[PDB]
Every structure is written in C-alpha cells, then in structure tokens.
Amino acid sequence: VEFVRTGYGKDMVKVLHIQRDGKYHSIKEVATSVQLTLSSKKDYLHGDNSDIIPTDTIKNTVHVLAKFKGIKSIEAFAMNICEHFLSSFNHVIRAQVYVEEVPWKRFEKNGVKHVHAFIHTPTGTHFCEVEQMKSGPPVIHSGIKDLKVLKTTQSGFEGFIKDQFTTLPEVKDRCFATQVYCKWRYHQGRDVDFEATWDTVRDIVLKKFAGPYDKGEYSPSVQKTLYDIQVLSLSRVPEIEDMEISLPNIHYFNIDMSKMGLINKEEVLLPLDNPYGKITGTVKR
C-alpha cells in the first residue's frame, strides 16, 4: 500500500486579540488552521491514538499562544504555533499553519481615528501560510486575497488567435474587473516587517492595475498586468523569493439592444457571475 502524506489538525479556530492602552484599544481577529504530521502512523494502521495530540488541544494551544505571545503579526503568530508543536512533541515531524486576518479597520472621519471602534473593510485581506519541518527552519508565505477592483477603461484585448470557435471581437477598450489573489514566499535570514511589506505589495498591485490617477494606464493583457506586478514586487522588496498571482477576469459585457432597435455600446453592461477568465502565474528569483 504505502503512505504519501498524512495530516490532522483543527480548522477555523477563530480568535479576537484585544490590547488596551487606556482609552486606546487595538484589535486583531484571525481565523487559523493547523495541521500536524506524526512520525508514527499507528493511528491509521491499528487505531492506536497514543501519539495523537487531540485536535481540541491544538485549538486550546492556539488560544493560549495568542494570549502569551499576542498576535501583532499574523506571520509571527503562525511561526510561534509551528515552533510550539515542533519543540513540545518529538514525534511531530511537520507543522503547517494557515492564518487569515479579518479586515477590520479603525473608524475614521475627517482625518481622526477612533480609540475603540472598527468597521469591517474587505479592501484586500491579509493571509499567511507557514510550514516547518522538524529541525528545519520555517517557510513563510504572505498574501492578499478578496481585493475586488474595476476600471472602466485603459484595457484592451486584441491580436489573438481566431480559430473556428472564436467569436470574440477584438477591442482597444473594455472594462477590467478582478479579484486579486497574490501569494509570495520569503527568502530567509529574515529582517522583514511583514505588515509593511503587505501594505507595499498591495500598493503596487493597485498601481499596476490602475496606474496614474489622472491618465491611468493601458494594459493590453491581463497576463502583462500580472507579470508587471510580479517584477515590480521582487524589485521593490528584496526579501521576497517568489510570487504567485491569480487574476480572475470578471466580465462586464456590453448589452446588445439591436433586437430592440437600440444602440448601446457601451453604457449599460451585464455583470456576469460566471463564467470568468482566470489568468495565473508564478515567478521566482
């Protein structure tokens, strides 16, 4: 028969960490998933749980570690969780932690931030994935997800192959809408702020996508826009070792009103839930 992979853990452990400096409260809410691989496989083979750390104990441990070490950075948290299970149990040979941060934002009005009120603001969501082998260092990925953006021009698609199944007319203008998924690996020898990096890749992604605020910038391809973001990210940020990106192309099609004796192109568009294009790529150094 033979084994290829094993893993058990707890998913969707949710936590809100609160810090109080007088009237000024700070929060971090996360959802966490933890998987462990054991050296023994007798749990699978015979039903012997004597090496099993109960998933309930994994959940408690995430809660405790958040209390003892706080969160501060989601990457730090996951490293601490990994570090904890590799140190405390010698038959634990691999740990993996995924963390997603709820996009809470401090209330803001007329330039002043509220001391203890927050509004849920999913304008890009920070997540991370840390994996660590027994007696090896941790590999850290950070990422953006759930960032939804739409520009009404400076996008075109032309010069493509036209086979017997191609009805797509070429265009110099179209809507470009997407939901960014962007995941990058870090090198090593750390020295990364993590939170500052994340803000930076996000700043870039939104730059390559929308360009200068007065003129904007034409993109001839979703593929190009993707690759540009990647190159500019590995440039402005040395500690990143690779980047995976996935861009849906969410369609807003011109509604043909010919059959009604009307001319639209292109003021009324149909937003389609599906299907959608999906352009992906991963580059490294």
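The numbering used is simple: start at 1 and walk along the sequence shown.
Here the stretch with the larger average CA B-factor, out of 183 to 191 and 125 to 133, is 183 to 191.
On average the C-alpha atoms of 108 to 116 have higher B-factors than those of the other stretch, with 91 to 99 and 108 to 116 being the two compared. Of the candidates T55, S40, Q35, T32, it is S40 whose Cα B-factor is highest according to the PDB record.
Out of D21, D273, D11, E266, it is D21 whose C-alpha atom has the highest B-factor in the PDB entry. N60 sits in the lowest third of its chain by CA B factor, as recorded in the PDB entry. Among the modelled residues of its chain, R5 has a C-alpha B-factor that falls in the middle third, as given in the PDB entry. The PDB entry assigns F68 a C-alpha temperature factor belonging to the middle third of its chain's modelled residues. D146: CA B factor in the lowest third of modelled residues in this chain (values from the PDB entry).
The deposited CA B-factor of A196 belongs to the highest third of values across its chain.
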